[PDB]
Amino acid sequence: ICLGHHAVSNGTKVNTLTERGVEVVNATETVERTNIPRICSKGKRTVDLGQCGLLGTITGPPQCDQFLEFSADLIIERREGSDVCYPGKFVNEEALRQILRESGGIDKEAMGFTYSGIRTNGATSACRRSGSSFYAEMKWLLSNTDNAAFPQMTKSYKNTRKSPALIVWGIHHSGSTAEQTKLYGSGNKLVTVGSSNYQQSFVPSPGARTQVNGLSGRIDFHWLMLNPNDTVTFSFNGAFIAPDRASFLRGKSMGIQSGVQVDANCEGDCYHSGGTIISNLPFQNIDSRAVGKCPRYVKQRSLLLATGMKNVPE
């Protein structure tokens, strides 16, 4: 009686510690390459921001009117999204984006700022609703008449919650100096913010910029995290866009940037801009910047793991 083993006519070459191209009976792939060209969000509270920018949800441009108090496990940023309606920019922009991506949503609460002898509702044609409007969560502080002056005010807000409050204010840089005097009066203005962990400073800079949306002025946006039982203080005397409501983080969530559609039919925990990586394999060669619960990215396109003996045919 003779003993032997099985074999096949077409095996699979794998690599070992000693050779490169050992034909075995069976092998399986360990590096994932299959991609699902959509955002698999089955069973997840998803918010597709679309034309609304993530930071806009705190300030409230017209394109973010339906995202002022969203709640999600998964947040999707789109390339067409915009944070602003009036031309401007955020300071510490990406840090705030990363804070908002894992926030689980935002909850707005009025800060209760009362003013006297001042204009509190400045508008512009760039932020269009029924007509010329402004950021829904902000207040453009101007002057009583077409010039006049700007009385120096000091406002304070104490976060009366157990969670830190996201405070966002704005500083207007008009297209020239005469515009700054038309809106806030003559003289050099200042905006100082104080609390127990933050210390600034600020000052405007009027000048002609590029005509974004047809306007040469800009608006700086600044933010801080006010701890519980701590007070934020704004001592200003011109060029100030005060916060109307403060934001609170709801919980936890996942934030991604994508350009493919959402699919509630498939489930996934590993996302990239091109879709979802549904796989049990320990490695992937699809996207090195994939986020979520992903296999580790590797440079190799394929790494075949032997699942059988060496194929020795006649």
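So that there is no doubt, residue numbering starts at 1 and follows the sequence shown.
The stretch with the higher mean CA B factor, choosing between 80 to 88 and 174 to 182, is 174 to 182.
Across the two stretches, 18 to 26 and 301 to 309, the PDB entry reports the greater mean Cα temperature factor for 18 to 26. Note on 117, 217, 112, 104: the highest value goes to 117, judged by CA B factor as recorded. Of the candidates 242, 224, 212, 72, the one whose C-alpha carries the top B factor in the deposited record is 212. Per the deposited record, the Cα B-factor of residue 108 falls in the middle third when ranked against the other modelled residues of its chain. Sorting the modelled residues of the chain by their CA temperature factor places residue 162 in the middle third.
The entry lists a Cα temperature factor for residue 139 that places it in the middle third of the chain's modelled residues. Ranked against the other modelled residues of its chain, the C-alpha B-factor of residue 96 as given in the entry falls in the lowest third.
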